[PDB]
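First, one chain by itself in C-alpha cells, the form deposited in one PDB entry.
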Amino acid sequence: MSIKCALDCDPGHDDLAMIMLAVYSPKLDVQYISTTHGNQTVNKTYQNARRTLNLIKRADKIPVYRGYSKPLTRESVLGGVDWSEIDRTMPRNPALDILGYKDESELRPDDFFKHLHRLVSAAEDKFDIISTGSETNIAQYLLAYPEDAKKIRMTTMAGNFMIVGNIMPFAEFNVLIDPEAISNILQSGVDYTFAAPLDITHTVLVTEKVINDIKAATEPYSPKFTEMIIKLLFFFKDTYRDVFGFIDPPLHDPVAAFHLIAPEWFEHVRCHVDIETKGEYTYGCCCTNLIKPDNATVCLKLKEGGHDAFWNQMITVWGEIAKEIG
C-alpha cells in the first residue's frame, strides 16, 4: 500500500512543490521534514517548509526539524508571494511537542536523529528518505548512526551525469554545496539513487501548457491558490531563460518524490559514482564509470509516458490542494 518516508530539503520553490507532492500523495506517508542549508540559511528553509505545510493545511500534522546550517568541512554558499498571512496563522510545530521544547529557539540540528532512528529500527527492510537539498543532515546522521546506513534508502534530486552542471560548469548545486556529505553517504553502504539529476529535470519544464492545466485543475476550487502556485512556479523564470537558456524553467525536486511514488517511469543503471572533493573548480562533480563495486543507481532519463505521468501526478495533487483551501 503506502510508503513511510522522510523529507530532507531546502525550500526553495521546487522543494515546496515536492513537499506538496509527497504529503498529498496517498502513496507516500511523510513522517517528518528535515530542512538543511542551501538556497537560504537553514533557518529560512525551515520556515519555508512550515509555510508550505500551512498553505496546504498540514502544519499541525507533520513535524519539521531545523537541521545543520553549513557543510561538513566547507563554507556555505520562497519569493513571488506574500507570506504574512501564512506566517501569522502558523500553528505550533508538532516537532516541539515530540522534543519537549517550548519554542523554536530550542530546535537544534540533531533533533531529527532520534526520530529517524525509531523509523529505521521499525523499518521491515529499509526506510526511505527523499533528499532534494544538500545532504549534510544525512551525512551527519550517519556519522552518529553508522550501523543504520544499511537500512536507509535514499532517493535524491542531485547531480549531473551526461550533461554539464548549473551553478558551476560540470557540477550541480546540491552536490557541490557539500560534496563530502554525498561522498560519505555513498561509501557508507546506504542504498542511493540519483533519481532526479539535471539529466532528467532539465527535460521537466513548466510550459504554458502545463500552466493552463494547473489553472484548469485549481481555479475552479481556489483561484487564490492558483495565483500563488503560478507566481512561485515562474519566479526564477527570467534567470532560467537568460542565465541558462530556458524558454521554460525546469522543476527539479518533485521528480525525486515521483521516483519513490512510481519508479516504473524511470530508466535505471547501476554504477560506481565518485564525487569530486579535491578538485578546485570541479568539486561536486558526479564522475561515474558508465561510459570498483557499483555504489549507486542513476536515473539518466524517463521512459516514454514518464513526463505525462509526472505532470498528471503533480496536477492531481495541486487540484486536491486547491479543493482543501477552497
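Residue numbers run from 1 along the displayed sequence. In this text, rigid core is short for the largest set of C-alphas that superpose within 1.5 Å between two forms.
Counting the deposited residues that fall between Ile291 and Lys292 and carry no coordinates gives a value of 10 or more. Where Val77 is followed by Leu78 in the displayed chain, the model omits 10 or more of the deposited residues that sit between the two. Two stretches are in play, 177-185 and 252-260, and the higher mean C-alpha B-factor belongs to 252-260. With 55-63 and 270-278 compared on mean CA B-factor from the PDB entry, the stretch scoring higher is 55-63.
Among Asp148, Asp128, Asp110, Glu208, the highest C-alpha B-factor recorded in the PDB entry belongs to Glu208.
Per the deposited coordinates, the residue with the largest Cα temperature factor out of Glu135, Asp238, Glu106, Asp191 is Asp238. In this PDB entry, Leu302 carries a Cα temperature factor that places it within the highest third of its chain's modelled residues.
Among the modelled residues of its chain, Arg50 has a C-alpha B-factor that falls in the middle third, as given in the PDB entry.
The entry lists a Cα temperature factor for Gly165 that places it in the middle third of the chain's modelled residues. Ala309 sits in the highest third of its chain by CA B factor, as recorded in the PDB entry.
Placement of the Cα temperature factor of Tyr68 within the chain: lowest third of the modelled residues, per the deposited record.
Keep in mind that the form deposited in another entry is missing from the display, and what follows is about it.
Of the residues checked (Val243, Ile163, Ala122, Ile98), the rigid-core alignment between this form and the one not shown shows a Cα shift of at least 2 Å for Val243 alone.
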